[PDB]
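Visitor: The structure follows.
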2 protein chains.
Amino acid sequence: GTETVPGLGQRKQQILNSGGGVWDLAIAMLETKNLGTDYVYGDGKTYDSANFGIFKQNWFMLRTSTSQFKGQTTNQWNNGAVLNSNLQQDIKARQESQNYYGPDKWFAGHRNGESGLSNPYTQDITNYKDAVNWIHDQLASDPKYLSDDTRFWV
Amino acid sequence: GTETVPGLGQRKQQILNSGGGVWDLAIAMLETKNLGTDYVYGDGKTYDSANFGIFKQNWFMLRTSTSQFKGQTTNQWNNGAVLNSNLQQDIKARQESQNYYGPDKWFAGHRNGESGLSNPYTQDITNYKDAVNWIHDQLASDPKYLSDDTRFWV
């Protein structure tokens, strides 16, 4: 459905002004209500499972597929927390990660980490991918949704 | 299958050093044998159908979904020819186009233009997507394929 979140429109514009596209906005919109990074640290997870930034990218993905973190170890997972305060780096990391894995494998590793890359096409990953695509379709339907306070949720 | 193409490794590394990811390399690899732009001008097409750059992006997609050509008209289609000699702009245009439409719609509009956006899941579009994914899998199977002269063709 849809809900109105006061001030969300300014944050959408900040994401688009910081290198994000509509597709990035759709992913972030699914992950948090406020397009924010103020969920609990690591979204409560640690090491390769820890989540950072507006997309809740996991550390496994960051350390294997971004210019900023490639080659870093599982033990260095707290390094990902800089994405909670640097929106430009957060967006660039997700785009690089998707351009490394391609969209199908990026979805799988984003959702199921390393085990997801072993088969991107299970139903659980499909459900997440379908939800992002529905949200993108809504955002792409009218330019007003790129700057108003409308949130599409699944 | 596979084939060896002299000079291909140089073009692979230029793509990966000019903003492109392995995902971009897979798409370009499907579109031309030499990762080049020296097919006939527009690939023999004109106006919204004309193709430019190493991905053979069409002018309809360029004018509707990139920052460089945003808002331009069908009649301005020769403006896309700059992509035939500016690889950085070529790659950035394709990545922006995909972030605007999302991967599934980008594939559909890349393959079938504006009408593809209305029917994005035809067998032909699916076949094209599956070809890119297979090619990406082959590139990703050994780091040497990112700099050697091996082409994977479908």
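Residue numbers start at 1 in each chain; chains themselves are named A, B, ... in the order of the structure tokens; ligands are numbered from 1 in the order shown.
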Give me the residues within 8 Å of stretch 19-28 of chain A as a compact mmCIF listing (two decimals) with N, CA, C and O atoms, in the first residue's frame, counting only C-alpha atoms and dropping any in the same chain fewer than 4 places off.
Guide:
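What ended up in out.txt:
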```txt
# COMPACT_ATOMS: atom_id res chain seq x y z
N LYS A 12 14.04 11.79 -0.38
CA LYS A 12 14.09 11.25 -1.73
C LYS A 12 14.98 12.10 -2.62
O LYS A 12 15.83 11.59 -3.37
N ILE A 15 18.64 11.70 -1.90
CA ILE A 15 19.19 10.46 -2.46
C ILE A 15 19.43 10.62 -3.96
O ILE A 15 20.49 10.28 -4.48
N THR A 32 13.52 0.69 4.67
CA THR A 32 13.13 1.46 5.85
C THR A 32 12.01 2.43 5.51
O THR A 32 11.82 2.84 4.36
N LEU A 35 13.79 6.07 4.82
CA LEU A 35 14.95 6.13 3.93
C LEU A 35 16.21 6.47 4.73
O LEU A 35 17.07 7.24 4.29
N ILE A 54 21.40 2.89 3.84
CA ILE A 54 19.96 3.00 3.60
C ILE A 54 19.39 1.76 2.93
O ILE A 54 18.17 1.57 2.92
N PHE A 55 20.23 0.91 2.34
CA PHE A 55 19.74 -0.30 1.70
C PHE A 55 19.90 -1.54 2.58
O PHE A 55 19.52 -2.63 2.16
N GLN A 88 26.61 9.48 -0.10
CA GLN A 88 27.21 9.30 -1.42
C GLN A 88 27.95 7.97 -1.51
O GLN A 88 27.81 7.23 -2.49
N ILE A 91 25.39 4.95 -1.61
CA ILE A 91 24.80 4.74 -2.93
C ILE A 91 25.82 4.16 -3.89
O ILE A 91 25.54 3.21 -4.63
N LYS A 92 27.03 4.73 -3.92
CA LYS A 92 28.05 4.25 -4.84
C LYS A 92 28.39 2.79 -4.57
O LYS A 92 28.58 2.00 -5.50
N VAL A 132 10.56 -5.06 -4.75
CA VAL A 132 11.30 -3.90 -5.23
C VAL A 132 10.75 -3.44 -6.57
O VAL A 132 10.56 -2.24 -6.81
N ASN A 133 10.48 -4.40 -7.46
CA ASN A 133 9.98 -4.04 -8.78
C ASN A 133 8.61 -3.38 -8.70
O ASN A 133 8.34 -2.43 -9.45
N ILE A 135 7.52 -1.54 -6.17
CA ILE A 135 7.74 -0.20 -5.65
C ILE A 135 8.34 0.70 -6.73
O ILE A 135 7.92 1.85 -6.90
N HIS A 136 9.32 0.19 -7.48
CA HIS A 136 9.86 0.97 -8.59
C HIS A 136 8.77 1.34 -9.58
O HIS A 136 8.69 2.50 -10.02
N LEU A 139 6.88 4.30 -8.18
CA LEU A 139 7.68 5.52 -8.24
C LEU A 139 7.82 6.03 -9.67
O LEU A 139 7.76 7.24 -9.92
N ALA A 140 8.01 5.12 -10.63
CA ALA A 140 8.19 5.50 -12.02
C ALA A 140 6.90 5.97 -12.69
O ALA A 140 6.97 6.52 -13.79
N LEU A 146 8.64 11.30 -6.81
CA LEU A 146 10.06 11.45 -6.53
C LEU A 146 10.34 12.60 -5.56
O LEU A 146 11.46 12.70 -5.06
N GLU B 96 22.79 4.92 -16.02
CA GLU B 96 21.69 5.80 -15.64
C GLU B 96 20.37 5.31 -16.23
O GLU B 96 19.34 5.35 -15.55
N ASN B 99 19.10 2.53 -14.17
CA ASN B 99 18.63 2.97 -12.85
C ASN B 99 17.31 3.72 -12.93
O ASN B 99 16.56 3.77 -11.94
N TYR B 100 17.02 4.33 -14.08
CA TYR B 100 15.76 5.02 -14.28
C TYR B 100 14.62 4.03 -14.51
O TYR B 100 13.58 4.11 -13.86
N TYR B 101 14.83 3.07 -15.40
CA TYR B 101 13.78 2.13 -15.77
C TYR B 101 13.72 0.91 -14.87
O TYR B 101 12.68 0.24 -14.83
N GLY B 102 14.81 0.60 -14.16
CA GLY B 102 14.97 -0.68 -13.51
C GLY B 102 15.46 -1.71 -14.52
O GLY B 102 15.23 -1.57 -15.72
```
Visitor: Find the spatial neighbours of residue B:4, counting only C-alpha atoms, within a cut-off of 8 Å - ignore same-chain residues fewer than 5 positions away - and output them as a PyMOL selection string.
Guide: chain B and resi 149-151
Visitor: Could you please take those selected residues and save C-alpha atoms as a PDB file, in the first residue's frame?
Guide:
```pdb
ATOM      1  CA  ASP B 149      41.079 -12.083 -25.463  1.00  0.00           C
ATOM      2  CA  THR B 150      38.301 -14.640 -24.832  1.00  0.00           C
ATOM      3  CA  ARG B 151      34.803 -13.829 -26.083  1.00  0.00           C
TER       4      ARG B 151
END
```
Visitor: Do you know which residues are at most 12 Å from residue A:64 counting only C-alpha atoms, after dropping those on the same chain fewer than 6 positions away, and could you put them as a ChimeraX atom specification?
Guide: /A:48,57-58,70-74,77,93-94,96-98,100-101,106,109-110,113-114,117
Visitor: Can you write out the residues you just picked, keeping N, CA, C and O atoms, as a PDB file, in the first residue's frame?
Guide:
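The result, written out as part.pdb:
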```
ATOM      1  N   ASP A  48      29.744 -11.036   8.825  1.00  0.00           N
ATOM      2  CA  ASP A  48      29.303 -10.974   7.430  1.00  0.00           C
ATOM      3  C   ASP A  48      27.823 -10.625   7.284  1.00  0.00           C
ATOM      4  O   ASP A  48      27.424 -10.130   6.222  1.00  0.00           O
ATOM      5  N   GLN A  57      22.670  -3.015   3.075  1.00  0.00           N
ATOM      6  CA  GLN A  57      23.677  -3.880   2.464  1.00  0.00           C
ATOM      7  C   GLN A  57      24.394  -4.672   3.548  1.00  0.00           C
ATOM      8  O   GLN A  57      24.670  -4.147   4.626  1.00  0.00           O
ATOM      9  N   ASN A  58      24.710  -5.939   3.267  1.00  0.00           N
ATOM     10  CA  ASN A  58      25.417  -6.723   4.273  1.00  0.00           C
ATOM     11  C   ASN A  58      26.923  -6.709   4.030  1.00  0.00           C
ATOM     12  O   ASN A  58      27.407  -6.412   2.938  1.00  0.00           O
ATOM     13  N   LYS A  70      36.373  -3.840  -0.872  1.00  0.00           N
ATOM     14  CA  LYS A  70      36.853  -5.094  -1.452  1.00  0.00           C
ATOM     15  C   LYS A  70      38.170  -5.515  -0.815  1.00  0.00           C
ATOM     16  O   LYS A  70      39.069  -4.691  -0.620  1.00  0.00           O
ATOM     17  N   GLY A  71      38.266  -6.798  -0.452  1.00  0.00           N
ATOM     18  CA  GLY A  71      39.471  -7.319   0.158  1.00  0.00           C
ATOM     19  C   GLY A  71      39.497  -7.264   1.669  1.00  0.00           C
ATOM     20  O   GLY A  71      40.366  -7.904   2.282  1.00  0.00           O
ATOM     21  N   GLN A  72      38.581  -6.529   2.291  1.00  0.00           N
ATOM     22  CA  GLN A  72      38.545  -6.499   3.742  1.00  0.00           C
ATOM     23  C   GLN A  72      37.971  -7.810   4.283  1.00  0.00           C
ATOM     24  O   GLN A  72      37.323  -8.583   3.570  1.00  0.00           O
ATOM     25  N   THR A  73      38.268  -8.085   5.547  1.00  0.00           N
ATOM     26  CA  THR A  73      37.948  -9.374   6.135  1.00  0.00           C
ATOM     27  C   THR A  73      36.606  -9.330   6.847  1.00  0.00           C
ATOM     28  O   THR A  73      36.069  -8.262   7.151  1.00  0.00           O
ATOM     29  N   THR A  74      36.083 -10.526   7.138  1.00  0.00           N
ATOM     30  CA  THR A  74      34.904 -10.637   7.987  1.00  0.00           C
ATOM     31  C   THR A  74      35.111  -9.914   9.315  1.00  0.00           C
ATOM     32  O   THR A  74      34.211  -9.224   9.808  1.00  0.00           O
ATOM     33  N   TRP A  77      34.223  -6.082   9.900  1.00  0.00           N
ATOM     34  CA  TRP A  77      32.847  -5.738   9.526  1.00  0.00           C
ATOM     35  C   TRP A  77      32.402  -4.371  10.034  1.00  0.00           C
ATOM     36  O   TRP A  77      31.551  -3.731   9.406  1.00  0.00           O
ATOM     37  N   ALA A  93      28.453   2.409  -3.290  1.00  0.00           N
ATOM     38  CA  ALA A  93      28.755   1.025  -2.949  1.00  0.00           C
ATOM     39  C   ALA A  93      27.674   0.092  -3.474  1.00  0.00           C
ATOM     40  O   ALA A  93      27.980  -0.947  -4.064  1.00  0.00           O
ATOM     41  N   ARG A  94      26.398   0.457  -3.308  1.00  0.00           N
ATOM     42  CA  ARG A  94      25.349  -0.444  -3.779  1.00  0.00           C
ATOM     43  C   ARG A  94      25.375  -0.561  -5.295  1.00  0.00           C
ATOM     44  O   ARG A  94      25.202  -1.658  -5.837  1.00  0.00           O
ATOM     45  N   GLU A  96      27.977  -0.150  -7.355  1.00  0.00           N
ATOM     46  CA  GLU A  96      29.130  -0.975  -7.716  1.00  0.00           C
ATOM     47  C   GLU A  96      28.864  -2.450  -7.441  1.00  0.00           C
ATOM     48  O   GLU A  96      29.217  -3.316  -8.250  1.00  0.00           O
ATOM     49  N   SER A  97      28.236  -2.754  -6.301  1.00  0.00           N
ATOM     50  CA  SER A  97      27.957  -4.137  -5.947  1.00  0.00           C
ATOM     51  C   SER A  97      27.023  -4.773  -6.964  1.00  0.00           C
ATOM     52  O   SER A  97      27.231  -5.913  -7.386  1.00  0.00           O
ATOM     53  N   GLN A  98      25.999  -4.032  -7.389  1.00  0.00           N
ATOM     54  CA  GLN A  98      25.085  -4.568  -8.388  1.00  0.00           C
ATOM     55  C   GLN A  98      25.751  -4.667  -9.754  1.00  0.00           C
ATOM     56  O   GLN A  98      25.437  -5.582 -10.523  1.00  0.00           O
ATOM     57  N   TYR A 100      28.847  -5.374 -10.189  1.00  0.00           N
ATOM     58  CA  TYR A 100      29.795  -6.485 -10.105  1.00  0.00           C
ATOM     59  C   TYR A 100      29.081  -7.819 -10.274  1.00  0.00           C
ATOM     60  O   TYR A 100      29.494  -8.661 -11.081  1.00  0.00           O
ATOM     61  N   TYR A 101      27.990  -8.012  -9.534  1.00  0.00           N
ATOM     62  CA  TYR A 101      27.250  -9.263  -9.528  1.00  0.00           C
ATOM     63  C   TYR A 101      26.177  -9.347 -10.611  1.00  0.00           C
ATOM     64  O   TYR A 101      25.756 -10.459 -10.954  1.00  0.00           O
ATOM     65  N   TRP A 106      22.938  -9.939  -7.464  1.00  0.00           N
ATOM     66  CA  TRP A 106      22.945  -8.933  -6.406  1.00  0.00           C
ATOM     67  C   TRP A 106      21.744  -9.107  -5.482  1.00  0.00           C
ATOM     68  O   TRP A 106      21.881  -9.071  -4.255  1.00  0.00           O
ATOM     69  N   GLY A 109      22.456 -12.175  -3.160  1.00  0.00           N
ATOM     70  CA  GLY A 109      23.445 -11.946  -2.123  1.00  0.00           C
ATOM     71  C   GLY A 109      23.024 -10.875  -1.143  1.00  0.00           C
ATOM     72  O   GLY A 109      23.372 -10.942   0.041  1.00  0.00           O
ATOM     73  N   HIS A 110      22.283  -9.868  -1.617  1.00  0.00           N
ATOM     74  CA  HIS A 110      21.734  -8.871  -0.706  1.00  0.00           C
ATOM     75  C   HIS A 110      20.805  -9.514   0.310  1.00  0.00           C
ATOM     76  O   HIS A 110      20.831  -9.169   1.498  1.00  0.00           O
ATOM     77  N   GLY A 113      22.974 -13.376   1.465  1.00  0.00           N
ATOM     78  CA  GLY A 113      24.408 -13.399   1.622  1.00  0.00           C
ATOM     79  C   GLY A 113      25.080 -14.398   0.702  1.00  0.00           C
ATOM     80  O   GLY A 113      24.623 -14.694  -0.412  1.00  0.00           O
ATOM     81  N   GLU A 114      26.189 -14.949   1.197  1.00  0.00           N
ATOM     82  CA  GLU A 114      26.995 -15.855   0.392  1.00  0.00           C
ATOM     83  C   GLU A 114      26.182 -17.053  -0.083  1.00  0.00           C
ATOM     84  O   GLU A 114      26.309 -17.481  -1.238  1.00  0.00           O
ATOM     85  N   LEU A 117      24.130 -16.461  -3.331  1.00  0.00           N
ATOM     86  CA  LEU A 117      24.797 -16.479  -4.627  1.00  0.00           C
ATOM     87  C   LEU A 117      24.795 -17.874  -5.250  1.00  0.00           C
ATOM     88  O   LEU A 117      24.872 -17.992  -6.476  1.00  0.00           O
TER      89      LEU A 117
END
```
Visitor: Interatomic distance between atom CA of residue B:83 and atom CA of residue B:52?
Guide: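 Those two atoms sit 6.1 Å apart.
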Visitor: To one decimal place, how far is atom CA of residue B:53 from atom CA of residue B:107 in Å?
Guide: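 Distance reported for this atom pair: 15.9 Å.
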Visitor: When you count only C-alpha atoms, which of these residues is closest to residue A:95: A:75, A:119, A:67, A:112?
Guide: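 Of A:75, A:119, A:67, A:112, the one nearest residue A:95, counting only C-alpha atoms, is A:67.
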Visitor: Pick out the closest residue to chain B from this set: A:127, A:65, A:51, A:78. Count only C-alpha atoms.
Guide: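 Comparing A:127, A:65, A:51, A:78 against chain B, the winner is A:65.
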Visitor: Nearest residue to residue A:76 out of A:123, A:46, A:89, A:2, using only C-alpha atoms?
Guide: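 Under the stated criterion, the closest residue is A:46.
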Visitor: If we count only C-alpha atoms, what is near residue B:131 at a cut-off of 12 Å, once residues fewer than 5 positions away on the same chain are taken out, given as a CSV table (one decimal) with C-alpha atoms, in the first residue's frame?
Guide:
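Result file selection12.csv:
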```
chain,number,residue,atom,x,y,z
B,1,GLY,CA,30.4,-20.9,-27.1
B,26,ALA,CA,28.7,-8.8,-20.3
B,27,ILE,CA,26.1,-6.6,-22.1
B,28,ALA,CA,28.7,-5.1,-24.5
B,29,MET,CA,30.1,-8.6,-25.2
B,30,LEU,CA,26.7,-9.7,-26.5
B,31,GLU,CA,26.2,-6.7,-28.7
B,107,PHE,CA,16.2,-4.7,-20.9
B,124,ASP,CA,12.8,-12.5,-27.1
B,125,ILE,CA,13.5,-10.2,-24.2
B,126,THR,CA,13.8,-13.1,-21.8
B,136,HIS,CA,28.3,-12.8,-17.1
B,137,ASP,CA,28.6,-16.2,-15.5
B,138,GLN,CA,31.4,-17.1,-17.9
B,152,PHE,CA,31.7,-15.7,-24.9
B,153,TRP,CA,29.0,-15.6,-27.6
B,154,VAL,CA,25.3,-16.6,-27.6
```
Visitor: In terms of the shortest atom-to-atom distance over only C-alpha atoms, which of B:105, B:11, B:111, B:33 is closest to residue B:49?
Guide: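 Under the stated criterion, the closest residue is B:111.
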Visitor: Run DSSP on the backbone and tell me which residues of chain B come out as strand (DSSP E or B); list them as a PyMOL selection string.
Guide: chain B and resi 2-4+51-52+57-58+150-152
Visitor: Restricting the calculation to only C-alpha atoms, which member of A:143, A:44, A:7, A:116 is positioned closest to residue A:61?
Guide: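 The shortest atom-to-atom distance to residue A:61 comes from A:116.
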Visitor: Could you tell me, as a ChimeraX atom specification, which residues of chain A DSSP assigns to helix (DSSP H, G or I) when given the backbone?
Guide: /A:8-17,22-31,41-44,47-49,59-65,74-84,87-117,123-141,143-146
Visitor: Go through A:115, A:50, A:144, A:103 one by one, measure the shortest atom-to-atom distance of each to chain B using only C-alpha atoms, and give the residue with the smallest value.
Guide: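 For chain B, the nearest of the given residues is A:103.
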